[PDB]
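Notes to accompany the following structure.
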Amino acid sequence: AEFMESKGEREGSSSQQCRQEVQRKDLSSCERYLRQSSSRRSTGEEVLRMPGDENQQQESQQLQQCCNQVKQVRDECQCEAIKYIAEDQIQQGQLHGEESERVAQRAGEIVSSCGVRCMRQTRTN
Numbered sequence: 295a296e297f298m299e300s301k302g303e304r305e306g307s308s309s310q311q312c313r314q315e316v317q318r319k320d321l322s323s324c325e326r327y328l329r330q331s332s333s334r335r336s337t338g339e340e341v342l343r344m345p346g347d348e349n350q351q352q353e354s355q356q357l358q359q360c361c362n363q364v365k366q367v368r369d370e371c372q373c374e375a376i377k378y379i380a381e382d383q384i385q386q387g388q389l390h391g392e393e394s395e396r397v398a399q400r401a402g403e404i405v406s407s408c409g410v411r412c413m414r415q416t417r418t419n
């Protein structure tokens with residue numbers, strides 16, 4: 295009489311699965327630094343240096359967490375990573391009325407450090 299069928303549904307946001315690992319490694323603290331009160335301990339056995347091995351050679355173990363964080367960036371998720379962090383905290387945080395644009399320049403602070411992605415640079419892969 296008849297015979298037909300077919301299934302297959304999915305949903306995503308960023309590329310393949312950038313937003314995924316992005317919310318873990320890639321810009322996942324640079325904006326959190328300015329979002330929070332001040333950088334602090336976290337997950338990672340790579341935090342036993344004052345001057346910071348993998349970070350701008352200068353007393354700044356705070357932004358070192360962003361450099362070490364952006365050090366886990368892929369390449370094509372670097373920019374989209376900023377489109378995530380520099381936004382999720384905007385919707386989550388009190389970033390509304392006219393205090394959301396102040397966060398745009400703010401993230402730029404850590405960007406100029408070791409967060410140069412979509413807040414200064416562009417797609418590179």
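Note that the sequence shown ends on residue 419 in my numbering; no numbers are left out. Backbone N, C-alpha and C fix where the C-beta goes; we use that ideal spot for every residue, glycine too.
Between the options, which lies nearest to residue i when the distance is taken from Cα to Cα?
| i | options | result |
| --- | --- | --- |
| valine 316 | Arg396, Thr416, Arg368 | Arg368 |
| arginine 334 | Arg318, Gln314, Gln355 | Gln355 |
| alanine 401 | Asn419, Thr418, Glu381 | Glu381 |
| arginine 417 | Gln372, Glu392, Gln311 | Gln372 |
| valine 410 | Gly346, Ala295, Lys365 | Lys365 |
| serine 331 | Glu353, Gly387, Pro345 | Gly387 |
Report all residues from its chain with a CB closer than 8 Å to the CB of residue i; omit the five preceding and five following residues, and keep chain order.
| i | result |
| --- | --- |
| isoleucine 404 | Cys324, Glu325, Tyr327, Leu328, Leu357, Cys360 |
| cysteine 412 | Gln372, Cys373, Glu374, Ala375, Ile376, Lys377, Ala380 |
| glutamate 370 | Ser309, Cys312, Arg417, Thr418, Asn419 |
Output yes or no for whether 8 Å exceeds the beta carbon distance between residue i and residue j.
| i | j | result |
| --- | --- | --- |
| residue 253 | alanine 398 | Because the chain in this structure spans residues 295 to 419, residue 253 falls outside the shown range and cannot be described. |
| residue 291 | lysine 319 | An answer regarding residue 291 cannot be provided, because it is not within the stretch 295 to 419 covered by the chain. |
Can you list, in chain order, the residues of its chain whose CB lies under 6 Å from that of residue i, leaving out five sequence neighbours each side?
| i | result |
| --- | --- |
| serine 308 | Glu374 |
With 16 other CB atoms within 10 Å as the buried threshold, where does residue i fall?
| i | result |
| --- | --- |
| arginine 313 | buried |
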